[PDB]
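The block underneath contains the structure these notes are about, expressed in structure tokens.
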Amino acid sequence: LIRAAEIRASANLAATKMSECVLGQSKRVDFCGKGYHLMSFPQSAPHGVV
Amino acid sequence: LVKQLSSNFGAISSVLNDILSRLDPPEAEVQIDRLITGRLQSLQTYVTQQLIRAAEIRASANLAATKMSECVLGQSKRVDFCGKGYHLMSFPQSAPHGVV
Amino acid sequence: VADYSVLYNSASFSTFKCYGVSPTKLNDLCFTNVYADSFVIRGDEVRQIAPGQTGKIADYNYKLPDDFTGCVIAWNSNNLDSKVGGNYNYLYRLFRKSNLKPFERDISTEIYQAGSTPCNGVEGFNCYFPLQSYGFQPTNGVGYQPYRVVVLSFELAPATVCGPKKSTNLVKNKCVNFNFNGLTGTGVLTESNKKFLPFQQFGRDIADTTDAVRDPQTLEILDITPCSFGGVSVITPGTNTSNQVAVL
Amino acid sequence: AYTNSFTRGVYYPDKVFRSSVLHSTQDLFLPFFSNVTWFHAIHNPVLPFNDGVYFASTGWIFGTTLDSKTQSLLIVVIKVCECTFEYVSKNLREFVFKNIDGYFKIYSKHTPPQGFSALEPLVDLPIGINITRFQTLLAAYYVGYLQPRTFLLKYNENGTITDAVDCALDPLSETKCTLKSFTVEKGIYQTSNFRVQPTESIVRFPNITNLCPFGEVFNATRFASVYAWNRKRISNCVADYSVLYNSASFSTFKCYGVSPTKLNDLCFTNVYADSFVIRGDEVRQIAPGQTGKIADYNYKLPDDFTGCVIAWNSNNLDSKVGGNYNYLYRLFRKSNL
Amino acid sequence: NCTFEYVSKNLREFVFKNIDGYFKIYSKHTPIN
Amino acid sequence: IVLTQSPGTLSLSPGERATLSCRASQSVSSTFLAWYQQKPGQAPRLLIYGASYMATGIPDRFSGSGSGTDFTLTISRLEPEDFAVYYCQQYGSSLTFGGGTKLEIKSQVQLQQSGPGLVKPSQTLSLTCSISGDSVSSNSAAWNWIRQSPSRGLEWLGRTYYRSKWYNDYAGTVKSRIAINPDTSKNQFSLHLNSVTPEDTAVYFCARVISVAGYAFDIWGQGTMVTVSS
Ligand SMILES: *[C@@H]1O[C@H](CO)[C@@H](O[C@@H]2O[C@H](CO)[C@@H](O)[C@H](O)[C@H]2NC(C)=O)[C@H](O)[C@H]1NC(C)=O
Ligand SMILES: *[C@@H]1O[C@H](CO)[C@@H](O)[C@H](O)[C@H]1NC(C)=O
Ligand SMILES: *[C@@H]1O[C@H](CO)[C@@H](O)[C@H](O)[C@H]1NC(C)=O
């Protein structure tokens, strides 16, 4: 149960990052890399995403 | 939690009043101890479940407060944070145990 | 009405052992029906009359279940059940095909078949009679003297047998402790609109607690509600400011 | 004739009042949609009473043997004289009869079919009589039998059983029973678990390889005299005692301390094969505890002998026409051995 | 008083041990220079 | 099944204890061991049946125990009249006696025997055992025949009884030439041997056995001797 809660928190963060940096350009500094953000591209992975 | 009180946990009865009325204390000690252990375990697991659920609810409430502050009090530029499309405004509404 | 005090303080019983229910409190509680089982056996074998014991008696003669709720009484009777010439009117079974189920009695006297060759109902080699005699005598040792045994089996429905405790009057709308056929508790006795069927006796809660009671003397349906309870809170400013308090 | 017991056969299991609740209990009940047996009064067989009968008809007698030996139970005013007890007391008159753990149950209902009806216990009798048959004593009626089925009961506000669920009929009823409600929503629900059972047992062992050389011991040409009796060690081999046992060529085969035909399964440290020849009539002297010239001066078995003894006639091998003088035996000595 | 009998550049390594009444023997032959 | 008398011979003094022994060839699942005491010149007497239960009119000095393949009888306090011989008998798939132990120190039913005591060899031998106090056709009893010779000890010959019809058994040694006939009219049963041999010289007894009393030889007879000679 506890590990599931931690994983859910991580999944929510991943969903937010996908929405805010794949679907648009972000103004939040250091939210999507060091520097002035331009875009991003997702890739699938076992039990996760990069 | 309330239904768990009817199980014996190994004692000859699930009513400590009956145990006391029917048995002498030297023998009744063992039965009372068994019932005590069982009921204590049930209470402990209920409390732990409540703690975890409370943590989840607190996370949801923090998200709700952030959304209220960032979209009712102003116009948000975060994409898909306050609805699909270019955000214009928002209106809160009360509800039992939550907001809309 | 059964008075067990006269039995218990008799001092003429060698053994008085009680399983599930303790003596000195029998005459307090009420229960549906009893069962008195009686017989006479050898003095040594008395220890086999108990739950979970195994042997000749507790296998082929008289077996008690594992959930027994009753008391066992026994007392030496060497001066009534013995004869000068040897008493051969007391028998016991020795061979049986398989053990007994609890409280099951066997009475047949067919010839046991202890070997390969069928006996066809006549006794002979490897064809033994299944009953044997104790042969009591006045000069036998104390381990080999007749003992009488009486087993009382309680079943804890309208109870019909219990102790001589007297009844009192009932009260309404008052937090009191009650005693209905041994059922104890605490609560307020209020009238109820519940429609018990004529055979309906009690009412049960989800947590396995009584919710309504049918009085034994006068058939009427009462309602049980737990007496008031709750927590207390103390409202206090800083002691550095004052010491006034207000409870809640 | 066969008819389906649609929905009837439920009864109050206890005298405990419950209202507006859903209760799950396990006891003996008539399973739903069960084939009932039909009899007509147009020109009373023996009907078994294994567990219980749902007798509904629009006197009685319950016997076991019914030979005026183990007298039965008669209902008119109830008289059970095995006496051992007595008692005096369109229209679908359904009744339920059963006996469990020395308790006799009778249920009734009189109503003027696919409907629901609950029966309350009447004239319950805790005697403990053994009953195995069912015969009615006096128009069509029906007879059925009940099974140990788990049922989910529904109580209304007045405490009347108005609905029931057979938790082992079909998966929909199983889902209702596991969700504790009479209505369910869309979705997949877990109901139970299945386990494939084993079919047959398999035991295997390696091959037998070397055997103990009983053949050369028993089948040899020469035996030594008794007073100088031979002796042999046998070990590290598998020995088949069954073959020598079922040869029927042995006059005497007596075993002490160990039962024959089961030697095949006992593992031992060692064995010994003492062989000699003695007079035929005197073979009975070789026993654990006898006395005599041979047993006292030539071969004495201990009191704790553990084994078997084999012997047979050999008059046509060891006897010569001139008289065999190669066999000796002691006759005098200072003391026994 | 016999009580048993049995009949059946190379570094001869051998390990001998005895527990529970059984004699266990290990060996190995290996080529070396 | 073979019974072995373990202790050979014992000599004691008045007052102390004595311990016997009896060992079985293999298991006795029927558990019908018994112990008899015989004074010289008299018929044996029964002491214990079922290996534990006392007989009629026996003091408490005697106690027996054992099960399986071994048994033992113990005397708590010796009395200078107990110089006698003690045997060991069983019942089950076969009826066999025991060797016996020598020990030396330092009534409502009667059976009567009669018959010739001397016989010309290769002839017929006849005995008779009258019954006074019971019916020979009783449902719960049997009637045996026991003979004793010093070379062979105590041996069982045969028996007869009645449940619905009459039933007979005989020992393997004597099957071909033995027969027992009851006579309900005069309440006696008799033993016949068509042919006789010199070695049959012995002393014969007639006995009664009760099925509910552990198959023990309760009541014996006076006994008579038969000699085979020219
Ligand atoms: C001793 O000799 C006898 C005589 O031949 C053997 O008995 C035969 O054994 C064979 C097994 O190879 C069987 O097929 C025959 O049926 C046996 N004959 C009889 C008459 O039984 C015996 O096997 C030899 N060895 C031993 C130990 O007895
Ligand atoms: C009832 O009787 C039948 C036959 O008469 C028998 O097989 C069965 O064992 C009996 N039941 C009990 C509990 O003895
Ligand atoms: C003994 O072993 C051999 C080699 O594996 C095998 O072929 C043979 O079948 C075995 N013996 C038996 C009786 O199976």
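Listed in order, the protein sequences are those of chains U, W, L, P, H and V. Sequential numbering of the first sequence, starting at 1012, is according to the entry's author numbering. Sequential numbering of the second sequence, starting at 962, is according to the entry's author numbering. Read left to right, the third sequence gives residues 362 to 517, 520 to 611 (the entry's author numbering). Read left to right, the fourth sequence gives residues 27 to 69, 81 to 95, 103 to 120, 127 to 132, 166 to 172, 187 to 209, 217 to 242, 263 to 461 (the entry's author numbering). Read left to right, the fifth sequence gives residues 165 to 172, 187 to 211 (the entry's author numbering). Read left to right, the sixth sequence gives residues 1 to 106, 121 to 244 (the entry's author numbering). C-beta: ideal position from N, C-alpha, C; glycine also.
Sequence-distant Cβ neighbours of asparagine 195(V) in its own chain, meaning closer than 6 Å and more than five residues away, are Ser204. With respect to the C-alpha of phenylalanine 562(L), the residue from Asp427(L), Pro521(L), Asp571(L) having the closest C-alpha is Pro521(L).
Closer than 7 Å to some heavy atom of ligand 1: that does not describe the Cβ of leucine 441(P). Proximity of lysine 1028(U) to chain W, defined by a Cβ-Cβ separation below 8 Å, is not satisfied. Between the C-alpha atoms of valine 47(P) and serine 1055(W) there is a straight-line separation of about 34 Å. Comparing alpha-carbon positions, the option among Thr95(P), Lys129(P), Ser371(P), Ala93(P) lying closest to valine 227(P) turns out to be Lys129(P). Look at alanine 93(P) here: in three-state DSSP terms it is strand. Of all residues, those with a beta-carbon under 5 Å from at least one heavy atom of ligand 2 are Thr108(P), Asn234(P), reported in chain order.
Counting the other CB atoms within 10 Å of its CB gives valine 350(P) a total of 16 or more, which places it among the buried residues.
For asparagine 153(V), the shortest separation between its Cβ and any heavy atom of ligand 3 does not lie below 7 Å. At least one heavy atom of ligand 3 lies closer than 7 Å to the C-beta of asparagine 331(P).
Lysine 424(L) sits buried, since 16 or more C-beta atoms from the chains shown fall within 10 Å of its C-beta. Inter-residue distance for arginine 1014(U) and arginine 1019(W) is about 17 Å (C-alpha atoms, whole angstroms). For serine 29(V), not one C-beta of chain P is nearer than 8 Å to its own C-beta. Our two residues, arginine 44(P) and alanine 27(P), have alpha carbons roughly 39 Å apart in a direct line.
One Cα belongs to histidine 66(P), the other to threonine 29(P), and the distance between them is close to 14 Å.
One alpha carbon belongs to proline 986(W), the other to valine 510(L), and they sit about 28 Å apart.
DSSP places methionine 54(V) in the strand class (E or B) of the three-state scheme. Under the rule that a run must span 4 or more residues, the alpha helix (DSSP H) segments found entirely inside the segment 291 to 337 of chain P read 295 to 303. The alpha-carbon separation between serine 1003(W) and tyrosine 204(P) amounts to approximately 41 Å. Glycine 167(V): not part of any alpha helix (DSSP H); member of the beta strand (DSSP E) spanning 167 to 176, first to last residue.
Here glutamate 16(V) carries a coil assignment [DSSP, helix/strand/coil].
Identification of residues in the segment 483 to 513 of chain L having a C-beta nearer than 9 Å to some C-beta of chain V yields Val483, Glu484, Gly485, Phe486, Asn487, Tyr489, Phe490, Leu492, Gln493, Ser494, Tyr495, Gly496, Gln498, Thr500, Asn501, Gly502, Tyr505, given in sequence order. Between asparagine 422(L) and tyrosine 453(L), the beta carbon gap of about 6 Å places them in contact (Cβ cut-off 8 Å). The Cβ-Cβ distance between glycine 431(L) and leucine 517(L) does not fall below 8 Å.
When Cβ-Cβ separations below 8 Å define contact, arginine 1019(W) makes no contact with chain U.
Note on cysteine 590(L): under 16 other CB atoms within 10 angstroms of its CB, so exposed under the neighbour-count rule. Contact of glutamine 26(V) with chain P is assigned, a C-beta pair being separated by under 8 Å. Counting along the chain, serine 1021(U) sits inside the alpha helix (DSSP H) bounded by residues 1013 to 1032.
Closer than 7 Å to some heavy atom of ligand 1: that does not describe the Cβ of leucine 125(V). Annotation for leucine 207(V): the continuous beta strand (DSSP E) segment containing it runs 202 to 207.
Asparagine 1023(U) and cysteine 301(P) have their C-alpha atoms some 37 Å from each other.
The beta-carbon of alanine 1022(U) is placed no less than 8 Å from the nearest beta-carbon of chain W. What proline 225(P) touches in chain L, judged by beta-carbon distance under 8 Å, is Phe562, going in chain order. Apart from the 5 residues on each side of it in sequence, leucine 335(P) sits with its Cβ closer than 8 Å to the Cβ of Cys361, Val362, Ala363, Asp364 in its chain, given in chain order. DSSP, reduced to helix, strand and coil, places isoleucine 980(W) within a helical segment of the structure shown.
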